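Next up: a single chain in structure tokens, the form deposited in one PDB entry.
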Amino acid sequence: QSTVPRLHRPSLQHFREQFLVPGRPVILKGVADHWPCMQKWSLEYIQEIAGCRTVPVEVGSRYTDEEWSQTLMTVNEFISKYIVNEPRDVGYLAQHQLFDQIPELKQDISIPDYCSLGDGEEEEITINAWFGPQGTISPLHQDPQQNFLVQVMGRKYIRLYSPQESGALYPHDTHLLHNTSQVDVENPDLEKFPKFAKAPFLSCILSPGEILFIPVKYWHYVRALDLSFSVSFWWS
């Protein structure tokens, strides 16, 4: 097979031994599925609690041959321009510490208990919101910390490549992009990147209530299948 395993509420020792230490991805069930965000966060709730706040928005075109420009707008404007009406471009309220900006929302989540297995402080855990329409796509990339990616709204297709396959992923030569792959995962140029086709991977569709553990430096690729809202915990 090649799917990420799903475990229900495993023990801290079981998670530590079989996944954190060796660096193996896993989906945790029955952990975040009773967080209040799982029943409260609708577009209506998000507009009520956050609608008038300014948020950074990444905007790019469906044509992949562009950069994402970074702008500012109110959550109300974001929802109106990029979620409800057919938009020319895709907009993504991505990698934002919304819960520091709006503590009222921090009541609706928690920090997974498994984070305490790390060697860092809880006051150093980065919490980011990923709120966007169907069709947002990350590059294939790796991050310098452990990650819990919690799906709240919608589904996301995720592809994972171990740091050991890095050679077949053709990272960019620039220093600023050495953590990012040059390959388009879902339509690769196998004439320019032939080693990509035989690089093994894990994949999953992450659904609401589920938590994907992305080991530090594990390459991950993310595409939103629906109107989606995710919360990531970056920790060490």
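Only residues modelled in both forms are compared. Start at 1 and count along the sequence shown; that's the residue number. We call the rigid core whatever largest set of C-alpha positions still superposes within 1.5 Å between the two forms.
Novice: Using a one-third cut-off over the other compared PDB entries, is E58 one of the residues left without coordinates?
Specialist: No, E58 has coordinates in all the other entries compared.
Novice: Can you check if, in at least a third of the other PDB entries compared, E67 has no modelled coordinates?
Specialist: Affirmative; at least a third of those entries omit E67.
Novice: As stated in the PDB record, which stretch has the larger average Cα B-factor, 38 to 46 or 181 to 189?
Specialist: Looking at the record's C-alpha B-factors, the answer is 38 to 46.
Novice: With respect to the recorded C-alpha B factors, which stretch has the higher mean value, 119 to 127 or 103 to 111?
Specialist: 119 to 127 has the higher mean C-alpha B-factor.
Novice: Compare the CA B factors listed in the entry for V55, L176, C204, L28 and report the winner.
Specialist: In this record, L176 carries the highest C-alpha B-factor of the candidates.
Novice: Tell me which of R223, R24, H220, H14 tops the list for C-alpha B factor in the record.
Specialist: Largest recorded C-alpha B-factor: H14.
Novice: Please rank the C-alpha B-factors of the chain's modelled residues and tell me whether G209 sits in the lowest, middle or highest third.
Specialist: Within its chain, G209 is a middle-third residue by C-alpha B-factor, going by the deposited values.
Novice: Please say which third, lowest, middle or highest, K156 falls into when its CA temperature factor is compared across its chain.
Specialist: Ranked within chain, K156 CA B lands in the lowest tercile.
Novice: Quick check on the deposited entry: does the C-alpha B-factor of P87 sit in the lowest, middle or highest third of its chain?
Specialist: Highest third of the chain for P87's C-alpha B-factor.
Novice: Which third of the chain does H96 land in by C-alpha B-factor: lowest, middle or highest?
Specialist: Within its chain, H96 is a middle-third residue by C-alpha B-factor, going by the deposited values.
Novice: Lowest, middle or highest third: which one holds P200 when the chain's residues are ordered by CA B-factor from the entry?
Specialist: Lowest third.
Separately, the form deposited in another entry exists; it is not shown, and the next lines address it.
Novice: Considering only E48, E186, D189, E67, which residue exhibits a C-alpha shift of no less than 2 Å between the shown form and the other one, with the rigid core used for superposition?
Specialist: Among the listed residues, the outlier is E67.
Novice: What happens to the Cα distance from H141 to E67 in that other deposited form: does it get closer or farther than here, with a change of 3 angstroms or more?
Specialist: Compared with the shown chain, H141-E67 is farther in that other deposited form.
Novice: Compare the CA separation of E67 and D143 in that other deposited form with the one in the displayed structure, and answer closer or farther (the difference is at least 3 Å).
Specialist: Between the C-alphas of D143 and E67, the gap widens in that other deposited form (3 Å or more compared with this form).
Novice: Give me the stretches of at least three consecutive residues whose Cα atoms move by 2 Å or more between the shown form and the other one once the core is superposed.
Specialist: Moving stretch: 61 to 68 alone.
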